[PDB]
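Read through the structure below, which is laid out as structure tokens, and then see the notes.
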Amino acid sequence: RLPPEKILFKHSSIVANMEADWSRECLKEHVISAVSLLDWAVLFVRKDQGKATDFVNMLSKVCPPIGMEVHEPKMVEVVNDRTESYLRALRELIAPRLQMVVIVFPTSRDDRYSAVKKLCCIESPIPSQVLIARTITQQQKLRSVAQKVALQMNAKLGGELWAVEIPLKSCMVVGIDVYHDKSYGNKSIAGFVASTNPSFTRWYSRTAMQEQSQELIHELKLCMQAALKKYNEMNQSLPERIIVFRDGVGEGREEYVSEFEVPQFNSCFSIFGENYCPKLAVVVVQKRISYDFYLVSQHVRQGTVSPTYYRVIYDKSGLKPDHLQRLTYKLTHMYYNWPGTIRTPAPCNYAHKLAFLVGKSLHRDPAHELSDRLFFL
RNA sequence: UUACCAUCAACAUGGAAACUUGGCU
RNA sequence: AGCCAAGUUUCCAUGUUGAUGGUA
């Protein structure tokens, strides 16, 4: 087997799991850093009434093993239970006076998901927690669901649960992703994520709405310049190397990417002065079946695995190939929805989920202040 | 919408040939 | 005939709504 991904937490060190998702371990160990939950609220409907209160003391129980002294939340109950009820609940009784909110709803579809993601992530910056009352409605199963949910508020508030040791200090990782949706006139949204520390705990996310691909190059140069100045303000240094990912676009536009974006990725990024040429690397990432590499990272319990194809389309880093393969094993960072790892590296699904919320129906842009934390999860 | 999903049923795009009306030209 | 359409018929992969089992 390849060398694993050792994970470190506050006064603890945990090896990779036998099932390769370190689930049970993070169910019974600490956190690197966790924003304290002091003033927060849950809102419920009486159909889940007892399963409301059996939830909230749950949030006072599982977390001291995870190392997070969570306090009692605030009761909210309001009658109406539609998408417009979600809208008035998320545009009026929602403010930065609260930390972040927990919502239980009986059952719902993707449209109210778009409603909560639109009204939690655009105007008033507060990435609240939405959890349905269908998966917790049975006893002796709320254990793992509530523990994952507890991890999700402790991640999506500015806190940072896990990290991977990085030999490539003073170097960041950038994920750029494109959503392939033609329902809303083929808007073709783009999601950008950039890390703001060599430990990769903090990041920086952005998304703008545009159809065409001519001013797209200039605007993502401006966005990456914002990313580099943010990285310089957090880090007070300069990243020599830069790694840029893909999502799963096939060979129908790989030549188009290599002829258009790759020479433009070296075009006018030397604005910082003189002779500071940054080493760059762009890799194409495929799932279904500078060097190509297949990765086994996710362990499957049902069905056959899908090993992940990597095609480095551009490289100036000079990174060592053994360091490259160990990094590519570790390149599935974070992913605070799913503890452990997946097939594909982290910023691919990260900006893919970002593209999912903005390109479902969100014909707007997320806030700039919602970049340091990981709001979109 | 706790995430990850394994499969199925249906649907838009992308085609591949057959066939009908055919127009052509 | 060839091409051009109006197309349909099935397959036909990608994306994509539901559901069957689930790992917790």
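Chain labels follow the order of the structure tokens: the first chain is A, the next B, and so on; residue numbering restarts at 1 in every chain, and ligands are counted from 1 in their shown order.
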
| task | Write out as number ranges by chain every residue belonging to chain A that has an atom at most 10 Å from any atom of chain B, counting only C-alpha atoms (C1' of nucleotides). | result | A: 21, 103-110, 112-113, 116, 129-136, 142, 144-152, 182-183, 300-304, 336-339, 341-342

Those residues with C-alpha atoms, as a compact mmCIF listing (two decimals), in the first residue's frame please?
```
# COMPACT_ATOMS: atom_id res chain seq x y z
CA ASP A 21 -12.68 7.14 6.22
CA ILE A 103 -33.54 24.07 11.10
CA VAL A 104 -35.67 20.92 11.17
CA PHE A 105 -38.21 20.39 8.38
CA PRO A 106 -40.29 17.20 7.84
CA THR A 107 -39.55 16.55 4.15
CA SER A 108 -38.47 18.72 1.24
CA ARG A 109 -37.06 18.87 -2.28
CA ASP A 110 -34.21 20.67 -4.06
CA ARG A 112 -36.19 24.71 -0.72
CA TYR A 113 -32.50 23.71 -0.66
CA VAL A 116 -31.96 28.19 2.06
CA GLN A 129 -27.56 24.36 9.30
CA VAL A 130 -30.52 22.72 7.55
CA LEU A 131 -31.33 19.14 8.51
CA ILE A 132 -34.48 17.26 7.51
CA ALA A 133 -36.70 15.38 9.96
CA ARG A 134 -36.77 12.10 8.04
CA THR A 135 -33.32 10.63 8.65
CA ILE A 136 -33.34 11.24 12.42
CA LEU A 142 -29.47 9.63 15.56
CA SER A 144 -23.92 9.16 13.75
CA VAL A 145 -26.20 11.60 11.93
CA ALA A 146 -26.13 14.04 14.85
CA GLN A 147 -22.36 13.60 15.25
CA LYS A 148 -21.76 14.39 11.56
CA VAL A 149 -24.12 17.37 11.93
CA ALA A 150 -22.15 18.56 14.98
CA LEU A 151 -18.98 18.33 12.90
CA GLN A 152 -20.76 20.33 10.19
CA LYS A 182 -28.33 24.30 -19.67
CA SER A 183 -31.71 24.73 -17.94
CA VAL A 300 -16.11 0.84 -1.34
CA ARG A 301 -18.34 -1.44 0.71
CA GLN A 302 -21.08 -1.85 -1.92
CA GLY A 303 -20.16 -2.19 -5.59
CA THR A 304 -16.89 -1.77 -7.45
CA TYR A 336 -15.86 18.61 6.01
CA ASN A 337 -19.14 17.08 4.83
CA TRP A 338 -17.56 13.62 4.68
CA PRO A 339 -14.89 12.80 7.29
CA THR A 341 -11.61 10.84 2.01
CA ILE A 342 -13.24 10.27 -1.37
```

| Residues of chain C within 10 Å of chain A, using only C-alpha atoms (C1' of nucleotides), as a list in words? |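 Result, ordered by chain then number: residues 14, 15, 16, 17, 22, 23 and 24 of chain C.
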
| field | All strand (DSSP E or B) positions in stretch 178-349 of chain A, as an MDAnalysis selection string | value | chainID A and resid 178 190:195 203:208 242:244 281:286 292:295 308:315

Hey, can you spit out that residue selection with N, CA, C and O atoms as a compact mmCIF listing (two decimals), in the first residue's frame?
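After the write, part_29.txt holds the following:
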```txt
# COMPACT_ATOMS: atom_id res chain seq x y z
N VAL A 178 -16.39 24.19 -13.25
CA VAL A 178 -17.43 24.71 -14.12
C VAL A 178 -18.64 23.77 -14.06
O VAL A 178 -18.51 22.55 -14.15
N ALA A 190 -19.00 29.43 -12.86
CA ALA A 190 -17.64 29.05 -12.51
C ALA A 190 -17.41 29.28 -11.02
O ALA A 190 -17.73 30.35 -10.50
N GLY A 191 -16.86 28.27 -10.35
CA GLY A 191 -16.53 28.35 -8.94
C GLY A 191 -15.03 28.29 -8.73
O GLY A 191 -14.34 27.47 -9.34
N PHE A 192 -14.54 29.15 -7.84
CA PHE A 192 -13.11 29.30 -7.58
C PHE A 192 -12.87 29.14 -6.09
O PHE A 192 -13.57 29.76 -5.28
N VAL A 193 -11.89 28.32 -5.72
CA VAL A 193 -11.46 28.19 -4.33
C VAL A 193 -9.94 28.29 -4.29
O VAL A 193 -9.24 27.74 -5.14
N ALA A 194 -9.44 29.01 -3.30
CA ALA A 194 -8.00 29.18 -3.11
C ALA A 194 -7.69 29.14 -1.62
O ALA A 194 -8.40 29.74 -0.82
N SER A 195 -6.62 28.44 -1.26
CA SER A 195 -6.24 28.35 0.15
C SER A 195 -5.36 29.53 0.55
O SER A 195 -4.55 30.02 -0.24
N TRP A 203 -9.46 28.95 3.61
CA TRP A 203 -9.53 29.00 2.15
C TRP A 203 -10.15 30.34 1.73
O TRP A 203 -10.27 31.26 2.54
N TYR A 204 -10.51 30.43 0.45
CA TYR A 204 -11.01 31.66 -0.15
C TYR A 204 -11.82 31.27 -1.37
O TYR A 204 -11.26 30.78 -2.36
N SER A 205 -13.14 31.49 -1.32
CA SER A 205 -14.05 31.04 -2.36
C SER A 205 -14.71 32.24 -3.05
O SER A 205 -14.98 33.26 -2.41
N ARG A 206 -14.96 32.10 -4.35
CA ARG A 206 -15.59 33.15 -5.14
C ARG A 206 -16.31 32.52 -6.32
O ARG A 206 -16.03 31.38 -6.73
N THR A 207 -17.27 33.27 -6.87
CA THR A 207 -18.11 32.88 -8.00
C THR A 207 -18.78 34.12 -8.56
O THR A 207 -19.36 34.90 -7.80
N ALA A 208 -18.69 34.31 -9.88
CA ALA A 208 -19.36 35.39 -10.57
C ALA A 208 -20.21 34.82 -11.70
O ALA A 208 -19.93 33.73 -12.21
N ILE A 242 1.99 26.48 -7.65
CA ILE A 242 0.53 26.60 -7.66
C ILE A 242 -0.04 25.40 -8.41
O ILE A 242 0.44 25.07 -9.50
N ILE A 243 -1.03 24.74 -7.82
CA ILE A 243 -1.64 23.55 -8.41
C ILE A 243 -3.11 23.85 -8.68
O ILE A 243 -3.81 24.38 -7.81
N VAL A 244 -3.58 23.53 -9.89
CA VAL A 244 -4.90 23.90 -10.38
C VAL A 244 -5.58 22.64 -10.93
O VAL A 244 -4.96 21.88 -11.68
N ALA A 281 1.09 24.62 -12.17
CA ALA A 281 0.74 23.26 -12.53
C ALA A 281 -0.77 23.15 -12.65
O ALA A 281 -1.50 23.50 -11.72
N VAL A 282 -1.24 22.67 -13.80
CA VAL A 282 -2.66 22.46 -14.07
C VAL A 282 -2.86 20.99 -14.40
O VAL A 282 -2.17 20.45 -15.28
N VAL A 283 -3.80 20.35 -13.70
CA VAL A 283 -4.05 18.91 -13.81
C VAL A 283 -5.52 18.70 -14.15
O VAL A 283 -6.40 19.31 -13.54
N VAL A 284 -5.78 17.83 -15.14
CA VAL A 284 -7.13 17.39 -15.46
C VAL A 284 -7.47 16.19 -14.57
O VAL A 284 -6.64 15.31 -14.36
N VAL A 285 -8.69 16.17 -14.04
CA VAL A 285 -9.13 15.15 -13.10
C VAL A 285 -10.36 14.45 -13.66
O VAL A 285 -11.41 15.09 -13.85
N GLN A 286 -10.25 13.15 -13.91
CA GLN A 286 -11.34 12.31 -14.38
C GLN A 286 -11.70 11.29 -13.30
O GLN A 286 -10.89 10.95 -12.45
N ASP A 292 0.35 11.02 -16.12
CA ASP A 292 -0.98 10.54 -15.78
C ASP A 292 -0.90 9.54 -14.63
O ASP A 292 0.05 8.75 -14.54
N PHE A 293 -1.89 9.59 -13.74
CA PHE A 293 -1.87 8.75 -12.55
C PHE A 293 -3.27 8.35 -12.12
O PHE A 293 -4.15 9.21 -11.98
N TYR A 294 -3.47 7.05 -11.90
CA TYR A 294 -4.70 6.56 -11.28
C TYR A 294 -4.50 6.46 -9.77
O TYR A 294 -3.44 6.02 -9.31
N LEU A 295 -5.51 6.86 -9.02
CA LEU A 295 -5.45 6.89 -7.56
C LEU A 295 -6.53 6.00 -6.97
O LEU A 295 -7.70 6.07 -7.39
N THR A 308 -9.43 7.07 -9.58
CA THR A 308 -9.52 8.43 -10.10
C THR A 308 -8.35 8.72 -11.04
O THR A 308 -7.19 8.54 -10.67
N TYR A 309 -8.67 9.16 -12.25
CA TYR A 309 -7.66 9.46 -13.25
C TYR A 309 -7.20 10.91 -13.13
O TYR A 309 -8.01 11.83 -12.96
N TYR A 310 -5.89 11.11 -13.22
CA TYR A 310 -5.28 12.43 -13.14
C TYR A 310 -4.41 12.63 -14.37
O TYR A 310 -3.58 11.79 -14.70
N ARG A 311 -4.61 13.77 -15.04
CA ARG A 311 -3.87 14.11 -16.25
C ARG A 311 -3.29 15.51 -16.05
O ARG A 311 -4.01 16.50 -16.17
N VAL A 312 -2.00 15.57 -15.73
CA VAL A 312 -1.33 16.85 -15.54
C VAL A 312 -1.15 17.50 -16.91
O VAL A 312 -0.29 17.09 -17.69
N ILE A 313 -1.97 18.51 -17.20
CA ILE A 313 -1.95 19.17 -18.51
C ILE A 313 -0.85 20.22 -18.62
O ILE A 313 -0.51 20.63 -19.75
N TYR A 314 -0.27 20.65 -17.51
CA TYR A 314 0.72 21.72 -17.53
C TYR A 314 1.52 21.65 -16.23
O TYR A 314 0.94 21.42 -15.17
N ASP A 315 2.83 21.86 -16.32
CA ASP A 315 3.65 21.79 -15.12
C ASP A 315 4.87 22.68 -15.27
O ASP A 315 5.59 22.60 -16.27
```

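Atom CA of residue A:233 is positioned 12.6 Å from atom CA of residue A:202.
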
| field | Spatial neighbours of residue A:266, max dist 10 Å, only C-alpha atoms (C1' of nucleotides), sep filter under 5 positions, as a VMD selection string | value | chain A and resid 261 277 to 280
